[PDB]
Amino acid sequence: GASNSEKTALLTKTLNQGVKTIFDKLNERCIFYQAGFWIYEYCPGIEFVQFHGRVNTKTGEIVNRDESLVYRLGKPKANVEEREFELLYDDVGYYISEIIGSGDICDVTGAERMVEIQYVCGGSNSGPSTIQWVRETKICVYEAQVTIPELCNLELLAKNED
């Protein structure tokens, strides 16, 4: 037989490397996604909000619009140590799950408007981080995915486009 000691070290390394990479790629600039009529904005340890607005596809910049159609999803911490991340994997490959609650309870169901972010390797290993897709699965719960080029260096995350 043999042992798989190194596998656990590789997991610890991919998770930590992932967290610092994510924050490094978001600290420079926040990320957004225009999900039809609504837009979703995610900042580096600030907050996660959804608003009715418009975007400039040329760079992803938002357009000056009314702030009366804005909502809260999750409220992360300021420091990377005040928060906790999870190194997961699925049939495709590895990813990092990050869930953020403390929005506004949906009185319609009686659940939290907490968001789930899945950090994966991006197809363009030569571009900034951005959201891949966005979908409000439940009435309150919302799921999103974020691509990062530097994550693809980590062999565990050397899988996407499947």
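These lines cover the structure that appears in this document, whether it is placed above or below. (Residues numbered from 1 in each chain as written, not as in the entry; some residues may be left out. Heavy atoms only, no water.)

Remarks on the overall build of the chain
Reasoning step 1: Counting secondary structure elements, the chain contains 1 helix and 11 strands.
Reasoning step 2: Helices and strands in the chain line up, N terminus first, as α-β-β-β-β-β-β-β-β-β-β-β.
Reasoning step 3: For 162 residues, the compact-globule estimate of 2.2 N^0.38 gives 15 Å, and the C-alpha radius of gyration of the chain, at 17 Å, lies within 12% of that figure.
Reasoning step 4: Residue burial in the chain is summarised as follows: out of 162 residues, 39% are buried.
Reasoning step 5: A fraction of 57% describes how many contacts in the chain between residues 6 or more apart in sequence connect residues 24 or more apart.
Reasoning step 6: As displayed, the chain offers around 10,300 Å² of accessible surface, 43% of which is attributable to carbon and sulfur atoms.
Reasoning step 7: Averaging the coordinates of the 16 positive side-chain charges in the chain and doing the same for the 25 negative ones gives two points 4 Å apart. (Helix = DSSP H or I, 4+ residues; strand = E, 2+ residues; numbered from the N terminus. Rg over C-alpha atoms; globule rule 2.2 N^0.38 Å. Buried < 20%, exposed > 50% of the residue type's maximum accessible area, 1.4 Å probe, protein only. Contact = heavy atoms within 4.5 Å. Areas by Shrake-Rupley, 256 points an atom, 1.4 Å probe, with all protein chains shown as cover. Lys, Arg positive; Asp, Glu negative; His and termini not counted. Charge placed at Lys NZ, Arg CZ, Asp CG, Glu CD.)

Considering the sheet that holds strand β3 (residues 48-52)
Reasoning step 1: Taken together, 4 strands build an open sheet; the order of strands is β1-β2-β3-β6 and the sheet is antiparallel. With one partner strand each, in any of the chains shown, β1 (31-35) and β6 (70-74) form the two edges of the open sheet. Averaged over all pairs of adjacent strands, the angle between their axes in this sheet comes to 20°, without regard to strand direction.
Reasoning step 2: Note that strand β2 (residues 38-42) and β3 share 5 bridges and pair antiparallel. Along β3, the bridge assignment pairs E41 with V49. (Pairing = 2+ DSSP bridges. Axes fitted to C-alpha atoms, helices over the stretch in contact; angles between N-to-C directions.)

Here we look at the pattern of salt bridges
Reasoning step 1: Overall, the coordinates contain 2 salt bridges when judged by the stated rule.
Reasoning step 2: Where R113 meets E136, a salt bridge forms, and the shortest distance between an N and an O atom there is 2.7 Å. Of this pair, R113 sits in the loop between β8 (94-100) and β9 (115-121) while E136 sits in the loop between β10 (130-135) and β11 (142-148), and the two are 23 residues apart along the sequence. (Salt bridge = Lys/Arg side-chain N within 4 Å of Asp/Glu carboxyl O.)

Here we look at the side chain of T21
Reasoning step 1: Mapped onto the secondary structure, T21 falls in helix α1 (residues 5-27).
Reasoning step 2: Looking at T21, the relative accessible area reads 11%, which means it is buried.
Reasoning step 3: Setting aside anything within four residues of it in sequence, one finds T21 in contact with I148, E150 and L151.

Here we look at the state of the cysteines
Reasoning step 1: For the structure shown, the criterion picks out 3 disulfides.
Reasoning step 2: Sulfur-sulfur distance for the disulfide between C30 and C43 comes to 2.1 Å. On the sign convention where negative is left-handed, the bridge of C30 and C43, at about 100° about the S-S bond, is right-handed. Placement of the pair is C30 in the loop between α1 and β1 and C43 in the loop between β2 and β3, with a sequence separation of 13 residues.
Reasoning step 3: In the chain, the bonded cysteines, numbered by position in the sequence, are linked as 1-2, 3-5, 4-6. (Disulfide = S-S within 2.5 Å.)

Bear in mind that shape data such as this cannot, by itself, settle questions of function.
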